[PDB]
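What follows is one structure encoded as structure tokens, with my remarks underneath.
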Amino acid sequence: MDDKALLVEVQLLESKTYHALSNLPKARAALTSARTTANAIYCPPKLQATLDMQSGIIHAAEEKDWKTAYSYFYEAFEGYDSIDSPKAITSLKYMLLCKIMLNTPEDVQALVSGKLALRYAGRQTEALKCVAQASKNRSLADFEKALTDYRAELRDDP
Amino acid sequence: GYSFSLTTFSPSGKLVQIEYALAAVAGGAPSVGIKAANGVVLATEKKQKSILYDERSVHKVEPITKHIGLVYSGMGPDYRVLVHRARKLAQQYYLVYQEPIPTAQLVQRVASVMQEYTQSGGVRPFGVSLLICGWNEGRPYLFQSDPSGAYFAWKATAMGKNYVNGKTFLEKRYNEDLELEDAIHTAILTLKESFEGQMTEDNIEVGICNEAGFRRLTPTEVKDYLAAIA
Amino acid sequence: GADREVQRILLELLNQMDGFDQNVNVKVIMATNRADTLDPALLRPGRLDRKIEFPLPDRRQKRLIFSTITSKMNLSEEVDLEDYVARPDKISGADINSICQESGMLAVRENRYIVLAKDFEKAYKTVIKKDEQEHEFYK
Amino acid sequence: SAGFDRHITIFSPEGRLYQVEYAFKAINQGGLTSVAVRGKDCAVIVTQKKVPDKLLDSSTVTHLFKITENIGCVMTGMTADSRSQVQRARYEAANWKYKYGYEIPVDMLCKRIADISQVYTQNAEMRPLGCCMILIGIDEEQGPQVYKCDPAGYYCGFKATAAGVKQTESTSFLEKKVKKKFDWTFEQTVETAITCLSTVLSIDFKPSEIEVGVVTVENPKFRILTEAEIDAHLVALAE
Amino acid sequence: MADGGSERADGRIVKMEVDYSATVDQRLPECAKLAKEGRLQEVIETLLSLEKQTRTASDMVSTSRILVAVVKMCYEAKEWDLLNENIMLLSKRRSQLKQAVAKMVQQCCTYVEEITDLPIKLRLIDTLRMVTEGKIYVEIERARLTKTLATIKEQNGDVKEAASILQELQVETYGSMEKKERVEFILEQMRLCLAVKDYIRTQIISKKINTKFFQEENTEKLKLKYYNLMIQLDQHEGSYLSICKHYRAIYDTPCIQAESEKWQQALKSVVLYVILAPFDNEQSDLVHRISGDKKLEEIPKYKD
Amino acid sequence: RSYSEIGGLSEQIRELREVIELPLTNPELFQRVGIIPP
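So the protein sequences, as listed, match chains X, H, D, G, W and E. For what it's worth, the authors' numbering labels the leading residue of the first sequence as 160, then goes sequentially. For what it's worth, the authors' numbering labels the leading residue of the second sequence as 5, then goes sequentially. For what it's worth, the authors' numbering labels the leading residue of the third sequence as 280, then goes sequentially. For what it's worth, the authors' numbering labels the leading residue of the fourth sequence as 6, then goes sequentially. For what it's worth, the authors' numbering labels the leading residue of the fifth sequence as 1, then goes sequentially. The sixth sequence maps to residues 113, 131 to 167 in the authors' numbering.
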């Protein structure tokens, strides 16, 4: 049929489940198919933001490139602004995580100083900030203490 | 070698000068026209080169009659010329038959006068293209006319600069059915698709064609629509 | 006469490109485009095969280009590139590099060692000039 | 491209009437400049007068014309063409007053001149008459009004404008001033205009070097300013 | 005219030393009428200069006869405003204005080091405002530098004082004719910035310091003495090697001076880097170079 | 095997100087700014 919106949604769900089961190439292919179908037809903003979030997650997981994953996360976050706080906060967390693992801890501060983040400032922001600092001083222990303090921070992703 | 005089034929195809006038039309201000279920909407970008210019001075959507709007793309002076001509024709028809000009007749008369300038001689053809609203007999109408003298009949279109993107977005979004307000939202969206710089109550002109007569929207209403997302 | 020489050149090129089995996987890249004058002879599978588009840097790409170019910069730490990234208007990569260069020159002009935000704003305004003449007709 | 489409008023690939384009360069050919401004309850025109030879009746050399008792005009570009356009404008104003029974609003007159120019550019066998025109007037319930034409047939209303060789710099300076918040009282308007012209030209002109013409709501009559009054304004501007 | 202006001034000096308030607006009209004339330009420039000298007399009477520096601002406004009518293409009468400003500064130094901080501050501010467009001829903005040096001395180089001096003399861009004294005053800029207690902004200024070249070996050695100062200005900012570089630079002077101690101090400075200088190839070469100096071994510390 | 032969050179001794010699002396300044000198 022609309900291309639902087709895109189911394509994204397929990609998410494939990644959860860890079949990366199949998740990537399903994501690309979803992107093509979305580009074919009209898409609301939440759908586009979710698709971009999934794309960024996949791009990070493959680990091949990070800047692209970072940008995809940023777009998903900006879109989720004002509409999906639950998704926006997670997107900000991924922003911080990708930036930290980009061996560029310093700029993390600027990100949490961004006006948009301030409204979303919360426990997770400081958790990521202290983790980034620990990485900055290059102490295995600093890292461990931070991990111990924020179990919830570690729960989401391996 | 040819493509200088509007008289001679190409050694194969068709006159060129008319095509060049069409090209001049293409490189003009964006314009958008949506035929809603119960009305028509016309929108156009109106940006001045600086803040000195007065935005309430010259308009780009004008009422030809109580129920026939009109927007243009391309050169301006030609737009003034043929808007004057169209008003004259509508009045002549009303005098003769004592009834408002049905839109299709106005469109074809305007097309005839427009093609009149493409005949031989030094008289260069119009470098503008026109979109006409209209709500006679109980159903909205939306026509397009061009220097060639042909007149189409769109359901929803966009002309001027970056018209390809507007057309793509239109066929993506507008399905068949909307009211005047949703049509307006779609139209302003389409303009934004290619519009440059932040849109304001003064950057763009919007007009509607209902069952109360064609009417241009005041800055307050267009600001209100510009607000509320979209 | 003297007009068919270019056609002779193009035909020689087509013959060499397709020609014979002298393959040695000698790849060819063409970066002159807006392909309407391109002969279908030198446009076909077996001929130049992969057609790849290079659109205007869009949103989520202007940010990547800005970050990449500004990587090595004094970075006053007060200019938010997000303002330009999310801002409207179409700007190509050459223009973005020019904007950064001119912001740096504006900063150095006032003996300012680290480029500051107003310098970036001035550079952005300067680089955006559109037609810059128009004639108030052609709309 | 250029080389064939450069002799007659016919279209070119990437539609471009080159002749009308050249008309504007002709306008600049005069070697003069002018600036108009619109105040709260007044409108002012300023131009620079250049008498090169003493053997010349300075009075007879002028660029401010009185189109009608209330509507004033300033011309720029080729002199003879400007005079012809001025005469046409006077004719049209008279005809309007005769036919419809009230003084022609400034905008309508500007529109008429623009239409004449357009019809000239469309059909061949008439030069585009390369002179640019600025009109100032007072419109009841609308306040002061400034309008500008061009040989191409395009026209528009302005809050402040320039014409001539230094058009771009003058308009940039005027925009800089206007984005600032001013009341623009009569004295303020004249000071602004003269300052803009001086700064663009960097001349600090003497009172015989420029002409000024102002129309005010209190006295809608378009009055050409006299040397004593302009000198007083200039010294006051110097403070 | 020349005779008219001369007689007017030389006769009305006595007539105006009695009147104080209404006196000024009697030469104001004749000053205006003289300025409006342009027959001679050069000679009328001299007449206007004489008129401005009489204005300076009005000013020193104002400082003395009546409240100190209470009407000088009015004089400056008058000679900035009435000027406009005859500064055609910003020329001529501006030259006369600065010719008068020469005497203005000649007396403003006396005002500054004679009168208290308030009137001199006001007078310096007014003359500076008068010379904002005035380029650095020999002292135009150097007057500003001297005034700010006075201020920093008075309040003892506040952080805002250091900022003011450094910005004022950074305004001294490549527009000062006197390169030599320009060097001599970028010296004071370096001194102030180093006194800022940063070593970082000190490095920033050290940029333009290095932009200066050949501060040494200059004729008559005065710049060389200035060289000493800048060579002396080099400090911890200069690494433990650079210190030996500039110490060797300064070591040229004491041998000329044959000083009993400070020359010994210079030799000790150029020899003591070694302990501060980490070992390397170039350090070895330069220690070999310095080694073997008879004047050096005179100190037992060399043997140690 | 004359500094000023055109009379008034303020325009010449100004932007031209500031864009000709400034990039000729201290490449460290610009490379630290990260901008290639004009």
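Even for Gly, the Cβ is constructed at its ideal location relative to N, Cα and C.
{"Asked": "Alpha-carbon to alpha-carbon, residue 204 of chain W and residue 136 of chain W", "Found": "23 Å"}
{"Asked": "Contact with chain G by residue 56 of chain H, beta-carbon distance below 8 Å", "Found": "yes"}
{"Asked": "Any 3 or more C-beta pairs closer than 8 Å across the stretch 363 to 380 of chain D and the stretch 323 to 343 of chain D", "Found": "yes"}
{"Asked": "Residue 219 of chain H, enclosing beta strand (DSSP E) - first and last residue", "Found": "218 to 220"}
{"Asked": "Whether residue 123 of chain W touches residue 69 of chain W by CB criterion (8 Å)", "Found": "yes"}
{"Asked": "Amino acids of chain D, ordered along the chain, whose beta-carbon sits closer than 9 Å to that of residue 26 of chain G", "Found": "414"}
{"Asked": "Residue 197 of chain X, buried or exposed, once every other Cβ within 10 Å from all chains shown has been counted against 16", "Found": "buried"}
{"Asked": "Every unbroken beta strand (DSSP E) inside the stretch 146 to 233 of chain H [3 residues or more]", "Found": "147 to 149, 160 to 163, 208 to 213, 218 to 220"}
{"Asked": "Minimum length 4: unbroken alpha helix (DSSP H) runs contained in the stretch 76 to 114 of chain G", "Found": "84 to 105"}
{"Asked": "Cβ neighbour criterion (16 or more within 10 Å) applied to residue 8 of chain W", "Found": "buried"}
{"Asked": "Cβ pair count under 8 Å reaching 3, the stretch 140 to 159 of chain E against the stretch 274 to 290 of chain W", "Found": "no"}
{"Asked": "Chain-ordered chain E contacts of residue 174 of chain W [CB-CB under 8 Å]", "Found": "146, 147"}
{"Asked": "Proximity test, residue 274 of chain X beta-carbon vs the ligand NAD heavy atom, cut-off 7 Å", "Found": "In the structure shown, the ligand NAD is absent, as is every other ligand, since no ligand is present at all."}
{"Asked": "Which of helix, strand or coil DSSP assigns to residue 50 of chain G", "Found": "strand"}
{"Asked": "Cβ distance (whole Å) where residue 115 of chain G is taken to contact residue 159 of chain G below 8 Å", "Found": "No, residue 115 of chain G and residue 159 of chain G are not in contact; Cβ-Cβ is about 11 Å, not under 8 Å."}
{"Asked": "Contacting positions in the stretch 329 to 359 of chain D - beta carbon closer than 7 Å to chain E", "Found": "351, 352, 353"}
{"Asked": "Local Cβ density within 10 Å of residue 128 of chain H, reported as buried at 16 or more and exposed below that", "Found": "buried"}
{"Asked": "Short CB-CB distance (under 8 Å) between residue 209 of chain G and chain W", "Found": "yes"}
{"Asked": "Own chain partners of residue 69 of chain H with C-beta closer than 6 Å, once the 5 adjacent residues on each side are dropped", "Found": "94"}
{"Asked": "Short CB-CB distance (under 8 Å) between residue 167 of chain E and chain D", "Found": "yes"}
{"Asked": "The beta strand (DSSP E) enclosing residue 306 of chain H, as first and last residue numbers", "Found": "With chain H covering only 5 through 234, there is no way to say anything about residue 306 of chain H."}
{"Asked": "Range covered by the beta strand (DSSP E) that runs through residue 134 of chain H", "Found": "132 to 136"}
{"Asked": "Identity of the residue in D:383, D:334, D:321, D:329 nearest residue 370 of chain D by Cα", "Found": "D:334"}
{"Asked": "Cβ-based neighbour list, residue 276 of chain W, same chain, cut-off 6 Å, excluding 5 preceding and 5 following", "Found": "240"}
{"Asked": "Option in G:131, G:24, G:137 with minimal Cα separation from residue 35 of chain G", "Found": "G:137"}
{"Asked": "Interface partners of residue 315 of chain D on chain H, CB under 7 Å", "Found": "Within chain H, no residue comes near residue 315 of chain D; the closest Cβ sits about 14 Å away, beyond 7 Å."}
{"Asked": "Residue 46 of chain W and residue 27 of chain W closer than 8 Å at C-beta", "Found": "no"}
{"Asked": "For residue 35 of chain H and residue 175 of chain H, the rounded distance between their alpha carbons", "Found": "16 Å"}
{"Asked": "Residue 305 of chain W: contacting residues in chain G (beta-carbon distance under 9 Å)", "Found": "The displayed coordinates of chain W run from 1 to 304. Any statement about residue 305 of chain W would go beyond what the structure contains."}
{"Asked": "Alpha-carbon spacing of residue 51 of chain G relative to residue 139 of chain G, whole angstroms", "Found": "11 Å"}
{"Asked": "Beta-carbon neighbours of residue 158 of chain E, restricted to chain D and to distances below 8 Å", "Found": "387, 392"}
{"Asked": "Whole alpha helix (DSSP H) elements within the stretch 161 to 217 of chain W, 4-residue minimum", "Found": "179 to 195, 201 to 211"}
{"Asked": "Chain-ordered chain E contacts of residue 211 of chain W [CB-CB under 8 Å]", "Found": "154, 155"}
{"Asked": "Any alpha helix (DSSP H) of 4 or more consecutive residues that is wholly inside the stretch 360 to 396 of chain D", "Found": "360 to 365, 372 to 388"}
{"Asked": "Outcome for residue 29 of chain G when other beta-carbon atoms lying within 10 angstroms are tallied against a minimum of 16", "Found": "buried"}
{"Asked": "Check whether residue 81 of chain W and residue 48 of chain G have beta carbons under 8 Å apart", "Found": "no"}
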